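I have placed the structure first, in the form of structure tokens, so that the comments after it can refer back to it.
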Amino acid sequence: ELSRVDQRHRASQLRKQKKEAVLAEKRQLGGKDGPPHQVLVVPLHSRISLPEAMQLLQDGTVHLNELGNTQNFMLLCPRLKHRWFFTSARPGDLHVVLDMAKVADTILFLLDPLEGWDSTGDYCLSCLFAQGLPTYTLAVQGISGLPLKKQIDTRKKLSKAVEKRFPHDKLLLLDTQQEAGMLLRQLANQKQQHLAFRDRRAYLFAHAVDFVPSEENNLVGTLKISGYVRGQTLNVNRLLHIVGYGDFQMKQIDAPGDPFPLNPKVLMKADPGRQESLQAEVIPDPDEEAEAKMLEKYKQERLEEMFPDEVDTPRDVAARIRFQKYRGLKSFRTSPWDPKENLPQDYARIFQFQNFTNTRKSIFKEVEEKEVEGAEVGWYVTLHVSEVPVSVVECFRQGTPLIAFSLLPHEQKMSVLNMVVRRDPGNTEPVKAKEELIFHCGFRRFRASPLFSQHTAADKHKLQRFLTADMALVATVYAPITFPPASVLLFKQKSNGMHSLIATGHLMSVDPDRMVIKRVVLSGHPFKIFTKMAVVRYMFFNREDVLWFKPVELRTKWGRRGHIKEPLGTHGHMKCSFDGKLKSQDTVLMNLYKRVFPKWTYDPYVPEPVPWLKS
RNA sequence: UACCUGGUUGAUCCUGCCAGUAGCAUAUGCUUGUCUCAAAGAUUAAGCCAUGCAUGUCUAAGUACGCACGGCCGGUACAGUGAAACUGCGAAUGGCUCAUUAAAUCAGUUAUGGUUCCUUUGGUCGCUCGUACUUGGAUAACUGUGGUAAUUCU
RNA sequence: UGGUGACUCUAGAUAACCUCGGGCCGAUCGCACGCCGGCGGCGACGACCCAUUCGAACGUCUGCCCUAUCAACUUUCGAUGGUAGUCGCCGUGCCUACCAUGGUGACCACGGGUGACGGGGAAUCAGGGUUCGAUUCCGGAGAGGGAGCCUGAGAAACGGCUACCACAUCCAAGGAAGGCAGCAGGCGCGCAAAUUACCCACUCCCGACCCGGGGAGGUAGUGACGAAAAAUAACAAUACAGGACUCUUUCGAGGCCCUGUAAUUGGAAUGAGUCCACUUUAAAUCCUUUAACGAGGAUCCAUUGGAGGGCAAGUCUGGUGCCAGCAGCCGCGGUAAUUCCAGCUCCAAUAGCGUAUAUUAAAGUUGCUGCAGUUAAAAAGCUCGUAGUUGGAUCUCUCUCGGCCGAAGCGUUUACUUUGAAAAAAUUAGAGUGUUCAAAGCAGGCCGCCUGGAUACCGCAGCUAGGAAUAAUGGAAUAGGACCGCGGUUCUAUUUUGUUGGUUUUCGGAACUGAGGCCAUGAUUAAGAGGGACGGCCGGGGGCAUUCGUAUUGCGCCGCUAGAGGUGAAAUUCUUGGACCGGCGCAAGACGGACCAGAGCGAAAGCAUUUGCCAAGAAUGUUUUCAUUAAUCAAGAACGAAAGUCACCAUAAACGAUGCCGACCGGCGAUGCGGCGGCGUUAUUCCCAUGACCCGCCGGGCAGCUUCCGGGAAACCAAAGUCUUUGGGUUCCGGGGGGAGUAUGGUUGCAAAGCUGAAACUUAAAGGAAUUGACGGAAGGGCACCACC
RNA sequence: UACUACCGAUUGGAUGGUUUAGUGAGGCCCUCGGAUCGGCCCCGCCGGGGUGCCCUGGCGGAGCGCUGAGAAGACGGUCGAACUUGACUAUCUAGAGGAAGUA
């Protein structure tokens, strides 16, 4: 500004701008216009009495809501001028913890002073990291019931204990109501974390759920649920999705009075049929037995670790018959494969994009930057939905949370979703490439069977039969389309619903065009050896199948590549030219490849799990 | 400990910089057993501030009619200890920060014979030629009636 | 009366005044009790004034970073000063009234910037320096921004008040309250920084006070900012186809001494820990002291960076194949990678070690010490010329008193030098002292004593006293000079007349004027510094006038006849409307060949026919004159090739690619000018006198040759020397290559242009001398019937 | 295929700094003002004392009596934050268009 007064003036203008921005970010929450501050509470150990946490945290004015088992409630205090909403959950109840941690804004962990955290606490913590965290806070309990010499150092011991998991996070004390007030002041004034999945999409909670039946004998009626809008500006036309119970249309919004505002019934919008979202997922015109199975799985993965894709030679059936749909590639990287070569009936039921990042950035700029005049954020709205069963209301009366989010355009349809995942080092049990896994893919809950393929950059990808202990594998399956970014979780049912955390990753670009190709490798021992040429037995046992396998390539384990010349024996006895020299201990191998596709096994039901234990 | 070394050419000698070298300060990375001392929201934002605390004070010796407690011994003005309140003093020191400020601030040197100064210390305090063996009206604390959604309001 | 260096001071004397918003001159309280109804002893609280203490406030002198792309500012509306006031605690344009027109500035005013609070201090350091100082001591300022106040000894106070501006809280909507740049704490901001802990026990502060209070302060917590100490093993016995030592020719022999990459054997010693107790402390913790436990792969496990060079340490092994990557720089990597990715081994520092950025040394690459400018970056076109800077020799202590010394003067005035006193502590240097050593601390040491708690440094400016070389400055040249006595004019000290009254002089002191005596009466020399005269010369120096010469162009005439021109070649152009040619005559603008020189002159551009006029000038000669007048030069000015423009323009390989002035340092022969001598030739018939030659000498000049003077990177240079053995005076100017002499601003010019003049960004070289080769359609030589004749 | 930065109209809007002109919160000073509160008088009802009179003693009443104290408020002056309109200047932001280089 080239003057000492104008430089100070310019710096004060910039400080005024930046302060306006920061105050506009910190105005959205817990005040006179914003939604309540939602604090999920989890004790990470068994010894931690959560009633002792709630009876300390209660004082403000307690507006005690209640469910069938939990004591979740709204705490209100205009001394701090802040309106909270305290919710509680049990460590291991996955269908509650991971399903309302995705709507809460603060997670309050509790930790005993002696042990860091329980094994079940480590389990739910390892789920919650991969699920996506809001701003969390740590607290202890047993420093007050401890001699004062030990309170000097138990703080230090737990600080070095949790540094593996939370590397820079102070601990607090929750023992007195002054300490609880200091904790609430910590929660109220703290810089937030913005989960972009929750930030770019509109989502809600339900505080007052009412069910009215259209037909009681149909067991499908109308829910009158009530909650504060926490995402974007709500629209009645977009699709609604209760998270564990599929998606269906929503018909009517109205704005009643707030139950408990910080300072002490009209209809807004309806939906004509042209404005409403279409309900078309697909194109309309298209004891010792299981123990022996897991031992066979053990011997299979121990077979598939020193051998890539070895299989026994089919002697009863000709090799051109059992491998009718294969081919031998010169190179997986260079020799291509046509996408319009093999197409099943499932591809005539899925939708596709002319360009994916174009429609992604346009729906980003059309929902984020643009202002629609629907139901605004922070409003205590009451939701009239079109059709909904009664079992959701029964599980509401039990104590399960009910959240819902507004779908975007091109988010109810069908495509082939992609996600790069990795293996959890907690459960080391292997898993085949075609089994069924529980999906937690961007607020959703279903089950399907993907294809576990490798993580490379080429269009062609080699299928893997199992999972790797360190390397990042990719799954590929038909699923309802949901735009990136979204954290994904894949579980398996160990026993009675005790879900096994095995696959923790994120979602990659959904496209049905990334091709996965399954190889098959056959074996045979060479037993007549000459210079740069040999004759192998046990490779095949017919003769014309080799004439069907003329242009395929051959290789040995020691890099000796080659191809056949002429099968001189009526069995698999070939003249085999090679670019190098063959050894008697070596074994020649070919690779025959085919492109695979997953199967249609999406079911929206997930079993309500038993709480997980350390067996 | 008054010090140089690599790099222009086919090879040479130069000019000349670039890079290396050592300390010192702020940050940051990885690592960390013992013990002594020890800096620490200056740099950007002399930006904004929940809550608590940071300044009060009585001796034999200004004013005690609070039974607040005891207590003479009981006509016995006031035994005593004493909250409150009036009075007096302190709150202009300390603590923090470095925005402003360029003969300004500040440093050394001089001066007030050109000023003011609570306190301390010493001097002075029948030096004046003109009801007193004691003067007058109030007001707090206290008692009692209240107002205001709300204040260390009244 | 008393004092000061100095009063319009202090004290005294007189005449009054003495503010109702009044000045002091005691209507106050405790303790011990009393002596002969009176007279009382200690205190406490007061109180005008004076002094003191703690200050404060206004002044004095010297001192500060960058900027001229800030050169004039200040003065209307106080700027500088005078007079009288007003206001103030007082001095003052502090304010008012009336006057004066001042005050500051290239010795940098005014304006702007500062990632500026100032010092004490800090880091680095041969010496000199450079950078930092928000930060615990001192001084200032400010409590969101400005402003105004009350109370008070003291505040323009903010943990006081009143507004406005900006924010912001409670509300029943009427109103009410606010100020963390105190301690914590939060948000924000960011690369960047700790506990909403305990206590008045220590140090001190405040209060009516031995008693109360203190986020001042102390104590813990977090704390790899940083500084000090210091573990991660020691030893013995075995064994080594170790090593060295004594004998053996050698083998090989030794309690001879050391070593190990021996998970060889062995018990010995300990802290880290765990943990009673004491001690510590306000209470605790920590440390120190002690129980008991606590080590063999003593797994009670040391890390961070490297291994081509710089630079200590592997062209070992596998993977990779100009990819991935490494590499501050040079570089490594393209299928054998000493450099990537790993293993193994090795190196350095070690409870620490990498990286980024600021900064210092290295940097004699900012140069005062101490650099550079021919060719590497660079010296102005030339002369004049203000400030600034620098400047030749020369000159060997006394007067009245107070006790033979001091008080009274200094001696022209400074700089310089040495001394003294005055200069906060801390920090730094440094003395003493076994914190168990050390960084520290200021304590400690003997058997109540004994002893510390030093000292130095503290630039510059200002005080004091000695010195008197160096360097400035003064004093007598119209004598208004000194030292003397004598004289005259005016005023005056107060001693003088037993006292008083008055006159009067003297004495003594000033201020002014006349004559006389006296002094060796008084001017340093005349620079191988500089001006200026004079003398005879000299020159393409300049201006004006004048004179000649050929050539060219055009014209007049005559003769001749078809070509004339230009190139490697034509091309272009004029001719029987007789071109070109040859001869004769006329005019016009010019221009001055050869003679013309490694000659001359001029400040530089530059200057050539004869003659005359005008005004200059160098050198030489001088026993002339003045007597430091000088050198270099910002600012400022005069002339300035050639191109360009309506007189301007002021620019060049403007080139010796080379500031100016001064001294010293080798030879040799020519030349130009002037002067001095000398055999002998010529000319003026002799004779001198001169001219032309010849042999020298002297002085400046233009040049050249030469050289182990000494330089220099060398080419080269008698200056480009007298340079690490570095200082004669002074000007301009350079700081790796580009961007770029570009953009913008200012300024001059009609304009072209002139002067001034960056940054972003890019880059590891660009560049100079010299040496070996390579080349040709450059020029010279030698040679071969696998060349020619 | 995209960036970069300029002009940039909008005299966008907003904010800051110098000044012209106009306005002027609040305190302080001055000239007034006088809501209220006292005292001294003048009587009435009247004791004691001295002697119908005076001093005390209690009231009560009124008098524009005559004085003391005195708040709100207002004229003026001063200091003076701030406000408005200009002019100049600076910055932050919304902004069409484009160009060149950047690769």
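Chain labels follow the order of the structure tokens: the first chain is A, the next B, and so on; residue numbering restarts at 1 in every chain, and ligands are counted from 1 in their shown order.
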DSSP-assigned strand (DSSP E) among range 306-483 of chain A, expressed as a ChimeraX atom specification
/A:380-385,388-389,404-406,414-423,437-441,446-448,460-462,473-480
Just the selected residues (N, CA, C and O atoms), exported as a short mmCIF file (atom, residue, chain, number, x, y, z; two decimals), in the first residue's frame, please.
```
data_model
loop_
_atom_site.label_atom_id
_atom_site.label_comp_id
_atom_site.auth_asym_id
_atom_site.auth_seq_id
_atom_site.Cartn_x
_atom_site.Cartn_y
_atom_site.Cartn_z
N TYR A 380 -36.54 -27.54 12.74
CA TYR A 380 -37.18 -28.72 13.29
C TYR A 380 -38.29 -29.16 12.36
O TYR A 380 -39.44 -28.75 12.52
N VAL A 381 -37.96 -29.98 11.38
CA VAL A 381 -38.93 -30.39 10.37
C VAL A 381 -39.58 -31.69 10.81
O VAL A 381 -39.04 -32.45 11.62
N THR A 382 -40.78 -31.94 10.30
CA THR A 382 -41.49 -33.20 10.49
C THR A 382 -41.70 -33.81 9.11
O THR A 382 -42.16 -33.14 8.19
N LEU A 383 -41.34 -35.08 8.97
CA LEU A 383 -41.24 -35.74 7.68
C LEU A 383 -42.39 -36.71 7.48
O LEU A 383 -42.55 -37.66 8.25
N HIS A 384 -43.18 -36.47 6.43
CA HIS A 384 -44.24 -37.38 6.00
C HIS A 384 -43.72 -38.15 4.80
O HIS A 384 -43.47 -37.57 3.74
N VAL A 385 -43.55 -39.45 4.96
CA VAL A 385 -42.95 -40.29 3.93
C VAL A 385 -44.08 -41.09 3.29
O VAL A 385 -45.16 -41.24 3.85
N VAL A 388 -43.70 -47.22 4.06
CA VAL A 388 -42.71 -47.63 5.06
C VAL A 388 -43.33 -48.73 5.92
O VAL A 388 -44.52 -48.68 6.24
N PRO A 389 -42.57 -49.79 6.27
CA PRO A 389 -43.14 -50.85 7.12
C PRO A 389 -43.30 -50.45 8.58
O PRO A 389 -43.11 -49.29 8.96
N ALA A 404 -31.78 -40.56 7.90
CA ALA A 404 -32.12 -40.58 6.48
C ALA A 404 -31.37 -39.45 5.79
O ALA A 404 -31.13 -38.41 6.40
N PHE A 405 -31.02 -39.66 4.53
CA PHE A 405 -30.36 -38.64 3.74
C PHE A 405 -31.09 -38.47 2.42
O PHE A 405 -31.70 -39.41 1.90
N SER A 406 -31.00 -37.26 1.87
CA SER A 406 -31.62 -36.94 0.59
C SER A 406 -30.69 -37.35 -0.54
O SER A 406 -29.53 -36.92 -0.58
N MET A 414 -28.40 -48.04 -11.02
CA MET A 414 -27.56 -49.22 -10.91
C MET A 414 -26.31 -49.05 -11.76
O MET A 414 -26.39 -48.66 -12.93
N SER A 415 -25.16 -49.35 -11.17
CA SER A 415 -23.90 -49.39 -11.90
C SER A 415 -23.02 -50.42 -11.21
O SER A 415 -23.49 -51.22 -10.40
N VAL A 416 -21.73 -50.41 -11.53
CA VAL A 416 -20.77 -51.34 -10.96
C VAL A 416 -19.77 -50.51 -10.17
O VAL A 416 -18.89 -49.86 -10.74
N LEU A 417 -19.92 -50.52 -8.84
CA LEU A 417 -19.10 -49.68 -7.98
C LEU A 417 -17.72 -50.26 -7.76
O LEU A 417 -17.53 -51.48 -7.73
N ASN A 418 -16.74 -49.37 -7.60
CA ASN A 418 -15.36 -49.74 -7.36
C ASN A 418 -14.89 -49.12 -6.05
O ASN A 418 -15.24 -47.99 -5.72
N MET A 419 -14.08 -49.89 -5.32
CA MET A 419 -13.48 -49.43 -4.08
C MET A 419 -12.15 -50.14 -3.87
O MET A 419 -12.08 -51.37 -3.96
N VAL A 420 -11.09 -49.37 -3.66
CA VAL A 420 -9.82 -49.93 -3.24
C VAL A 420 -9.85 -50.11 -1.73
O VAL A 420 -10.25 -49.20 -0.98
N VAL A 421 -9.55 -51.32 -1.27
CA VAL A 421 -9.66 -51.67 0.13
C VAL A 421 -8.30 -52.23 0.56
O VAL A 421 -7.40 -52.43 -0.26
N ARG A 422 -8.15 -52.46 1.86
CA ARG A 422 -7.03 -53.23 2.38
C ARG A 422 -7.54 -54.11 3.51
O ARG A 422 -8.68 -53.98 3.97
N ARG A 423 -6.68 -55.02 3.95
CA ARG A 423 -7.06 -56.00 4.95
C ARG A 423 -6.80 -55.48 6.35
O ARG A 423 -5.75 -54.91 6.63
N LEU A 437 -20.43 -60.44 1.46
CA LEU A 437 -19.87 -59.56 2.48
C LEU A 437 -20.88 -58.47 2.81
O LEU A 437 -21.63 -58.02 1.94
N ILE A 438 -20.90 -58.05 4.08
CA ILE A 438 -21.79 -56.98 4.52
C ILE A 438 -21.22 -55.65 4.06
O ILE A 438 -20.04 -55.35 4.30
N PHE A 439 -22.05 -54.84 3.40
CA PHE A 439 -21.62 -53.56 2.85
C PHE A 439 -21.98 -52.41 3.78
O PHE A 439 -23.12 -52.33 4.26
N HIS A 440 -21.02 -51.53 4.03
CA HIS A 440 -21.27 -50.21 4.61
C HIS A 440 -20.62 -49.23 3.64
O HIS A 440 -19.49 -48.81 3.85
N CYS A 441 -21.35 -48.85 2.60
CA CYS A 441 -20.80 -48.05 1.50
C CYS A 441 -21.53 -46.72 1.44
O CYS A 441 -22.55 -46.60 0.76
N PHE A 446 -26.08 -53.07 3.07
CA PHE A 446 -26.60 -54.19 2.30
C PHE A 446 -25.54 -55.28 2.25
O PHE A 446 -24.52 -55.21 2.94
N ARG A 447 -25.80 -56.32 1.45
CA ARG A 447 -24.85 -57.40 1.26
C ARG A 447 -24.77 -57.75 -0.22
O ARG A 447 -25.78 -57.70 -0.94
N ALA A 448 -23.57 -58.12 -0.67
CA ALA A 448 -23.33 -58.49 -2.05
C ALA A 448 -22.07 -59.34 -2.11
O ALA A 448 -21.42 -59.60 -1.09
N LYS A 460 -6.86 -53.39 -17.81
CA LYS A 460 -6.98 -54.80 -17.50
C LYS A 460 -6.36 -55.11 -16.15
O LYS A 460 -5.27 -54.64 -15.83
N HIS A 461 -7.07 -55.92 -15.36
CA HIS A 461 -6.67 -56.23 -13.99
C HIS A 461 -6.80 -57.72 -13.73
O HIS A 461 -7.79 -58.34 -14.13
N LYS A 462 -5.80 -58.28 -13.06
CA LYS A 462 -5.79 -59.71 -12.76
C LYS A 462 -6.63 -59.99 -11.52
O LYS A 462 -6.48 -59.32 -10.50
N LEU A 473 -6.12 -54.45 -2.06
CA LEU A 473 -6.91 -55.13 -3.09
C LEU A 473 -8.16 -54.32 -3.42
O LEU A 473 -8.58 -53.44 -2.67
N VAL A 474 -8.76 -54.61 -4.57
CA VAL A 474 -9.89 -53.85 -5.10
C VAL A 474 -11.07 -54.79 -5.27
O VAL A 474 -10.92 -55.90 -5.80
N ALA A 475 -12.25 -54.35 -4.84
CA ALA A 475 -13.49 -55.08 -5.05
C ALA A 475 -14.33 -54.41 -6.13
O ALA A 475 -14.23 -53.21 -6.37
N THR A 476 -15.17 -55.21 -6.80
CA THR A 476 -15.94 -54.76 -7.96
C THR A 476 -17.27 -55.50 -7.96
O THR A 476 -17.28 -56.73 -8.03
N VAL A 477 -18.38 -54.76 -7.91
CA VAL A 477 -19.69 -55.39 -7.72
C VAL A 477 -20.76 -54.42 -8.23
O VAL A 477 -20.57 -53.20 -8.22
N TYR A 478 -21.88 -54.98 -8.71
CA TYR A 478 -23.08 -54.18 -8.92
C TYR A 478 -23.59 -53.66 -7.58
O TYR A 478 -23.71 -54.42 -6.61
N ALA A 479 -23.90 -52.37 -7.53
CA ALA A 479 -24.40 -51.73 -6.32
C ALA A 479 -25.14 -50.47 -6.72
O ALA A 479 -24.95 -49.97 -7.84
N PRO A 480 -26.04 -49.96 -5.87
CA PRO A 480 -26.61 -48.63 -6.12
C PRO A 480 -25.53 -47.56 -6.10
O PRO A 480 -24.60 -47.59 -5.29
#
```
Based on only C-alpha atoms (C1' of nucleotides), which of the residues in chain D come within 9 Å of chain A? I want them as a PDB file with N, CA, C and O atoms (P, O5', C5', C4', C3', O3' and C1' of nucleotides), in the first residue's frame.
```
ATOM      1  P     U D  15     -18.688   2.496   4.867  1.00  0.00           P
ATOM      2  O5'   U D  15     -17.128   2.418   5.155  1.00  0.00           O
ATOM      3  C5'   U D  15     -16.604   1.397   5.987  1.00  0.00           C
ATOM      4  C4'   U D  15     -15.111   1.277   5.841  1.00  0.00           C
ATOM      5  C3'   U D  15     -14.320   2.553   6.028  1.00  0.00           C
ATOM      6  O3'   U D  15     -14.163   2.933   7.381  1.00  0.00           O
ATOM      7  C1'   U D  15     -13.508   1.405   4.142  1.00  0.00           C
ATOM      8  P     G D  16     -13.948   4.482   7.746  1.00  0.00           P
ATOM      9  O5'   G D  16     -12.406   4.744   7.461  1.00  0.00           O
ATOM     10  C5'   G D  16     -11.403   3.982   8.110  1.00  0.00           C
ATOM     11  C4'   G D  16     -10.059   4.176   7.462  1.00  0.00           C
ATOM     12  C3'   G D  16      -9.547   5.594   7.413  1.00  0.00           C
ATOM     13  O3'   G D  16      -8.997   6.003   8.647  1.00  0.00           O
ATOM     14  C1'   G D  16      -9.167   4.535   5.336  1.00  0.00           C
ATOM     15  P     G D  17      -9.147   7.520   9.135  1.00  0.00           P
ATOM     16  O5'   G D  17      -8.023   8.295   8.328  1.00  0.00           O
ATOM     17  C5'   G D  17      -6.671   7.880   8.393  1.00  0.00           C
ATOM     18  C4'   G D  17      -5.842   8.598   7.368  1.00  0.00           C
ATOM     19  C3'   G D  17      -6.062  10.090   7.299  1.00  0.00           C
ATOM     20  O3'   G D  17      -5.346  10.762   8.318  1.00  0.00           O
ATOM     21  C1'   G D  17      -6.020   9.179   5.112  1.00  0.00           C
ATOM     22  P     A D  90      -3.616   6.746  -5.660  1.00  0.00           P
ATOM     23  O5'   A D  90      -3.851   5.725  -4.465  1.00  0.00           O
ATOM     24  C5'   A D  90      -2.830   5.485  -3.513  1.00  0.00           C
ATOM     25  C4'   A D  90      -3.350   4.725  -2.323  1.00  0.00           C
ATOM     26  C3'   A D  90      -4.033   3.406  -2.623  1.00  0.00           C
ATOM     27  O3'   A D  90      -3.113   2.354  -2.835  1.00  0.00           O
ATOM     28  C1'   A D  90      -5.315   4.632  -1.068  1.00  0.00           C
ATOM     29  P     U D  91      -3.518   1.098  -3.745  1.00  0.00           P
ATOM     30  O5'   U D  91      -4.438   0.213  -2.799  1.00  0.00           O
ATOM     31  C5'   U D  91      -3.904  -0.390  -1.634  1.00  0.00           C
ATOM     32  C4'   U D  91      -4.994  -0.855  -0.707  1.00  0.00           C
ATOM     33  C3'   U D  91      -5.880  -1.968  -1.224  1.00  0.00           C
ATOM     34  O3'   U D  91      -5.279  -3.237  -1.070  1.00  0.00           O
ATOM     35  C1'   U D  91      -7.199  -0.290  -0.202  1.00  0.00           C
ATOM     36  P     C D  92      -5.680  -4.444  -2.042  1.00  0.00           P
ATOM     37  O5'   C D  92      -7.071  -4.958  -1.470  1.00  0.00           O
ATOM     38  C5'   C D  92      -7.167  -5.483  -0.155  1.00  0.00           C
ATOM     39  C4'   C D  92      -8.602  -5.617   0.281  1.00  0.00           C
ATOM     40  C3'   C D  92      -9.484  -6.458  -0.617  1.00  0.00           C
ATOM     41  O3'   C D  92      -9.329  -7.839  -0.374  1.00  0.00           O
ATOM     42  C1'   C D  92     -10.616  -4.466  -0.024  1.00  0.00           C
TER      43        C D  92
END
```
Got a sec to pull out which chain A residues are within 10 Å of chain B, counting only C-alpha atoms (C1' of nucleotides), and send them as JSON, numbers by chain?
{"A": [11, 12, 15, 16, 19, 79, 80, 81, 182, 185, 189]}
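If you measure from each of C:363, C:752, C:703, C:284 to chain A using only C-alpha atoms (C1' of nucleotides), the closest one turns out to be C:284.
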Skipping near chain neighbours, those fewer than 4 positions away, what residues fall within 10 Å of range 75-83 of chain D using only C-alpha atoms (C1' of nucleotides), listed as a list in words?
residues 146, 147, 148, 163, 164 and 165 of chain C; 23, 24, 25, 26, 27, 28, 29, 30, 31 and 32 of chain D
What are the residues of chain C that have an atom within 12 Å of an atom of chain A, counting only C-alpha atoms (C1' of nucleotides), as a PyMOL selection string?
chain C and resi 112-114+166-167+169-170+185-189+196+220-222+284-285
Spatial neighbours of range 577-590 of chain C, 9 Å, only C-alpha atoms (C1' of nucleotides), chain gap at least 4 places, as a PyMOL selection string
chain C and resi 553-561+563-564
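Taking only C-alpha atoms (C1' of nucleotides) into account, residue 6 in chain B lies nearest to C:311 out of the set C:27, C:211, C:123, C:311.
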I need the residues in range 86-205 of chain A that are helix (DSSP H, G or I) according to DSSP; give them as a count of residues only.
46
Residues near residue 40 in chain D, cut-off 12 Å, only C-alpha atoms (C1' of nucleotides), skip fewer than 3 positions along chain, as a ChimeraX atom specification
/D:65-68
Would you pick out the contacts of residue 252 in chain A at 10 Å or less, using only C-alpha atoms (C1' of nucleotides), so that residues sharing its chain but fewer than 5 positions from it are not included, and give the list as a ChimeraX atom specification?
/A:224,235-237,267-271,382-386
I need the chosen residues saved as a compact mmCIF listing (two decimals), in the first residue's frame, with N, CA, C and O atoms.
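Okay, this is what ended up in part27.txt:
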```txt
# COMPACT_ATOMS: atom_id res chain seq x y z
N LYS A 224 -44.33 -40.46 10.43
CA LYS A 224 -44.27 -39.04 10.75
C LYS A 224 -43.09 -38.88 11.69
O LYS A 224 -43.25 -38.86 12.91
N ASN A 235 -34.95 -30.93 0.09
CA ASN A 235 -35.91 -30.89 -1.00
C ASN A 235 -36.84 -32.09 -0.89
O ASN A 235 -36.40 -33.19 -0.56
N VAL A 236 -38.13 -31.86 -1.15
CA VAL A 236 -39.11 -32.93 -1.02
C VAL A 236 -39.02 -33.89 -2.21
O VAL A 236 -39.31 -35.08 -2.09
N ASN A 237 -38.55 -33.40 -3.37
CA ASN A 237 -38.57 -34.20 -4.58
C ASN A 237 -37.49 -35.28 -4.61
O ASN A 237 -37.69 -36.33 -5.22
N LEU A 267 -47.29 -26.00 6.47
CA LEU A 267 -46.79 -26.82 5.38
C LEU A 267 -45.94 -25.95 4.46
O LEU A 267 -46.32 -24.82 4.15
N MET A 268 -44.79 -26.46 4.04
CA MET A 268 -43.93 -25.70 3.14
C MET A 268 -44.03 -26.14 1.68
O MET A 268 -44.35 -25.33 0.82
N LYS A 269 -43.76 -27.41 1.39
CA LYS A 269 -43.72 -27.83 -0.01
C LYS A 269 -44.33 -29.21 -0.17
O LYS A 269 -44.26 -30.05 0.74
N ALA A 270 -44.92 -29.44 -1.33
CA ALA A 270 -45.44 -30.72 -1.78
C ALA A 270 -44.69 -31.14 -3.04
O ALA A 270 -43.77 -30.44 -3.49
N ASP A 271 -45.07 -32.27 -3.62
CA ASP A 271 -44.38 -32.79 -4.80
C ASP A 271 -45.33 -33.32 -5.87
O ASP A 271 -45.98 -34.37 -5.67
N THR A 382 -40.78 -31.94 10.30
CA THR A 382 -41.49 -33.20 10.49
C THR A 382 -41.70 -33.81 9.11
O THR A 382 -42.16 -33.14 8.19
N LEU A 383 -41.34 -35.08 8.97
CA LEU A 383 -41.24 -35.74 7.68
C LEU A 383 -42.39 -36.71 7.48
O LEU A 383 -42.55 -37.66 8.25
N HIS A 384 -43.18 -36.47 6.43
CA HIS A 384 -44.24 -37.38 6.00
C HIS A 384 -43.72 -38.15 4.80
O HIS A 384 -43.47 -37.57 3.74
N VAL A 385 -43.55 -39.45 4.96
CA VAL A 385 -42.95 -40.29 3.93
C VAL A 385 -44.08 -41.09 3.29
O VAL A 385 -45.16 -41.24 3.85
N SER A 386 -43.83 -41.61 2.08
CA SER A 386 -44.89 -42.24 1.30
C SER A 386 -45.26 -43.63 1.82
O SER A 386 -46.39 -43.84 2.26
```
Counting only C-alpha atoms (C1' of nucleotides), what is within 9 Å of residue 452 in chain C, bar same-chain residues fewer than 2 positions away, as a ChimeraX atom specification?
/C:432,443-444
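The coordinates place CA of residue 332 in chain A at 26.9 Å from CA of residue 537 in chain A.
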